[PDB]
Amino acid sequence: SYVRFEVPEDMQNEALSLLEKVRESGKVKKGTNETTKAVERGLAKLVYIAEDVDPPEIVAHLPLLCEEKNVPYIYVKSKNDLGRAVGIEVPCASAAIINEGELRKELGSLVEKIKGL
C-alpha cells in the first residue's frame, strides 16, 4: 500500500490526544503543504501522516523525506479524525508539530514508540 508503517489504534489515538492538547501551548501546522514545507524548513518536531489519502499521490512522499531530515513522523487514522485533533473544520491528510508548548517531554516518548518498526 501507500505508507509502509502499521500502528495500533491506541497509539494512533495517543497521537490525536497529543495533537489535540498541543495547540494551546505550542504551534502546529495543518495540511500537507504546510507540513511538507514546514518540515522542509527543518522545523518539524513530530509529523502526522495518514494513509486514507485519496489519491495516494497526496502524501505518498513525505514519510521518506521525514526519514531523511530525521524528523519524527507517525501514520495516524482518518484524515477527518486528525482534522478534529488539530481542531480545524475539514479533513487533514498531514500535520506537524512546530513548537513544543508547555508539555515538551512527551514528544520524545512518542517518537521512540514510533521507532518500534
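Numbering starts at 1 and runs along the sequence shown. Here, rigid core means the biggest group of C-alpha atoms that superpose within 1.5 Å across both forms.
Between stretches 101-109 and 9-17, more displaced by Cα RMS in 7 other deposited structures of this protein (rigid core superposition) = Checking 101-109 against 9-17 in 7 other deposited structures of this protein, I find the farther stretch is 101-109.
Given the B-factors recorded for C-alpha atoms, which segment has the greater mean, 23-31 or 64-72?
-> Mean CA B-factor is higher for 64-72.
Compared with the other modelled residues in the chain, in which third is the CA B-factor of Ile58?
-> For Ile58, the deposited C-alpha B-factor lands in the highest third.
Please place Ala93 in the lowest, middle or highest third of its chain by C-alpha B factor as given in the entry.
-> It falls in the bottom third of the chain.
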